[PDB]
Amino acid sequence: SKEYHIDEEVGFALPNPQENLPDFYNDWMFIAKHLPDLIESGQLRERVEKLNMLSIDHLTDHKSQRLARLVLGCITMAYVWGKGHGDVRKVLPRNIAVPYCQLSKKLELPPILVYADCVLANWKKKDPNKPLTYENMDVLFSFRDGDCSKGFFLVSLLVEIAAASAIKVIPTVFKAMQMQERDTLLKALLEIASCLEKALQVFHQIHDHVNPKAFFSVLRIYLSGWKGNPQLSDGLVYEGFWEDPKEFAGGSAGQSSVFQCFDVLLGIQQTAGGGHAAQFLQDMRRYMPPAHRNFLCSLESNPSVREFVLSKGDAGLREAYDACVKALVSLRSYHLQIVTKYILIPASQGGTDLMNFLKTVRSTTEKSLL
Ligand code: HEM
Ligand SMILES: Nc1cc(Br)cc2[nH]ncc12
């Protein structure tokens with residue numbers, strides 16, 4: 001997978017993110033690295049105000065611009081959401097909202113934190129000679145002490161890596177189909193299935209490393225955005241950049257390129273529908289890189305691997321391809337069992353509309369089994 005920026009190890013995730021910035025930018029990174037101690041102690045929406053309009057010009061290699069977008073990113077979430085209890089800033093200062101929106105529009109992205117910012121870039125290996133697990137990794141950044149953003153981004157990150165096992169497989173699937181190689185292809189769809197059958201046991205650590213209460217009450221509030229949120233019905237001013245408030249999505253895994261690519265591949269049309277479910281995940285393609293866009297693009301340009309299985313009436317492929325769509329339902333049936341532990345049960349101590357979405361989606365998967 002050429003200039004699609006796909007790692008043959010961590011896939012869509014960014015490989016060995018930058019842990020540190022240039023020195024030209026050290027009063028960014030000092031906020032960013034003491035956001036709990038500072039939000040709490042109130043001087044954060046006093047310390048932010050008192051900064052000056054830096055310029056992107058210095059940021060050279062990728063990882064820099066990216067980590068830079070992470071840093072600006074969460075600082076915006078602390079400034080806007082405050083202590084995370086309802087005193088909401090509807091104005092992002094001239095001075096923080098101009099290098100953030102340049103650094104963003106440099107990377108064809110929107111000025112707000114995303115999936116690729118705070119799961120795909122926000123990580124480091126504790127020892128860069130052992131392997132990528134929970135016990136040998138740590139996040140760069142967090143919002144408040146005891147929010148578990150270790151558990152969230154790390155577990156969430158770990159999975160996207162278990163799907164990468166199957167991304168290096170896509171190249172060979174369509175090869176088999178073209179050169180017509182019934183055998184070769186049946187394999188690729190079983191490897192592809194084999195991975196997501198495992199990216200499930202990944203998901204299980206969530207229960208070891210996150211707390212229902214902490215995720216519903218703490219994290220979530222800082223991840224929200226200003227699109228259809230009612231605390232900022234009109235959006236968020238971006239000072240000396242848009243005199244008009246600008247709505248933007250919260251941060252969702254609806255911005256992840258794996259899953260979205262495996263629906264593309266497996267002929268499951270989650271984008272097509274006009275329904276709320278499918279309108280969203282199309283408008284989240286925006287909140288994804290460009291290079292991870294143009295890969296879901298070149299997939300959808302590909303001949304439906306579903307059709308080519310239906311035809312052949314070859315109960316082998318018929319079965320192997322169902323293994324992949326069995327795999328994907330399996331996972332979103334878990335991802336609903338977590339959401340009831342981690343958003344519904346606590347909310348009883350917006351709501352539903354979230355689960356309908358997540359079911360609307362489990363379903364459209366199912367209805368592609370042969
Ligand atoms: C406590 C943990 C989690 C909670 C509360 C949660 C909740 C949600 C919610 C409410 C949505 C709907 C979009 C939104 O409202 O933002 C969503 C979408 C999504 N989540 Fe999760 N999730 C969790 C863990 C994970 C993990 C570990 C993964 C994968 C690594 C994941 C992958 C996704 C994906 C891919 C979507 C969008 C695709 C779709 O709609 O099927 N989530 N999640
Ligand atoms: N809303 C979300 C934000 C982030 Br980052 C990751 C996620 N996983 N599942 C949901 C969700």
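Odds and ends about this structure:
- Among the residues here, residue 305 qualifies as away from ligand 2 (no atom under 15 Å from the Cβ) and either among the aromatic types (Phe, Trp, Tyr) or closer than 18 Å to residue 264 by Cβ (or both).
- Tally of residues being more than 20 Å from the chain's Cα centre (by Cα) and either in a loop (DSSP other than H, G, I, E, B) or closer than 17 Å to residue 287 by Cβ (or both) across region 219-255: 12
This table checks each residue for (1) in a helix (DSSP H, G or I); (2) more than 30 Å from residue 245 (Cβ to Cβ); (3) in contact with a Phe, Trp or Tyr (Cβ under 9 Å, 6 or more places away or on another chain).
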residue	(1), (2), (3)
117	yes, no, no
129	no, yes, no
160	yes, yes, yes
168	no, yes, no
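- From the options 195, 148, residue that is within 20 Å of residue 13 (Cβ to Cβ) and away from ligand 2 (no atom under 15 Å from the Cβ): 195
- Residue 294 vs. criteria assigned to a helix (DSSP H, G or I) and more than 16 Å from ligand 1 (Cβ to nearest atom): yes
- Of the candidates 42, 84, the single residue that is in contact with a helix residue (DSSP H, G or I) (Cβ under 7 Å, 6 or more places away or on another chain), small (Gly, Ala, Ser) and not in a helix (DSSP H, G or I) is 84.
- Within region 334-358, the residues that satisfy the criterion of being within 15 Å of ligand 2 (Cβ to nearest atom) and farther than 26 Å from residue 208 by Cβ are 350, 351, 353, 357.
- Number of residues in region 246-259 that are surrounded by fewer than 17 Cβ atoms within 10 Å (Cβ to Cβ) and either more than 13 Å from ligand 2 (Cβ to nearest atom) or closer than 16 Å to residue 79 by Cα (or both): the value is 1.
- Of all residues in region 352-367, those that are farther than 19 Å from residue 342 by Cβ have Cβ atoms under 9 Å from Cβ atoms of residues that are part of a helix (DSSP H, G or I) and small (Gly, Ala, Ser), 6 or more apart or on another chain, in 360/277; 360/278; 364/277; 364/278.
- Just one of the numbered conditions (1) assigned by CATH to the domain that holds residue 259; (2) crowded, with 19+ Cβ neighbours inside 10 Å; (3) away from ligand 1 (no atom under 15 Å from the Cβ) is not true of residue 100: (1).
So that you can scan it fast, the table gives a plain yes or no per residue for (1) surrounded by 13 or more Cβ atoms within 10 Å (Cβ to Cβ); (2) within 13 Å of ligand 1 (Cβ to nearest atom); (3) closer than 19 Å to residue 195 by Cα:
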| residue | (1), (2), (3) |
| --- | --- |
| 307 | no, no, no |
| 315 | no, no, no |
| 337 | no, yes, no |
| 368 | yes, no, no |
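- Hits in region 290-301 - residues which are of a type outside the set (A, V, I, L, M) and within 15 Å of residue 2 (Cβ to Cβ): 290, 292, 293, 294, 295, 297, 298, 301
- Checking 317, 331 one by one, the residue that is part of a helix (DSSP H, G or I), within 30 Å of residue 215 (Cα to Cα) and outside the structural domain of residue 109 (by CATH) is 331 and no other.
- Unique residue being surrounded by fewer than 17 Cβ atoms within 10 Å (Cβ to Cβ) and closer than 16 Å to residue 13 by Cα when the list is 70, 113, 132, 51: 132
- Residue list for region 336-370, restricted to those being farther than 28 Å from residue 307 by Cα and touching a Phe, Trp or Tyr at 6+ places or on another chain (Cβ under 8 Å): 338, 342, 343, 346, 347
- Condition met for residue 215 (assigned to a helix (DSSP H, G or I), at negative phi and touching a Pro at 6+ places or on another chain (Cβ under 9 Å)): yes
- Residue that is among the polar types (S, T, N, Q), within 30 Å of residue 344 (Cβ to Cβ), near ligand 1 (Cβ under 10 Å from one of its atoms) and surrounded by 17 or more Cβ atoms within 10 Å (Cβ to Cβ), where the choices are 149, 224: 224
A quick note on method: Cβ atoms are made from the backbone with ideal geometry, for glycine too, and the neighbour counts reach across all protein chains shown. Basis: the model, the stated rules and, where named, an outside source; no laboratory instrument gave them.
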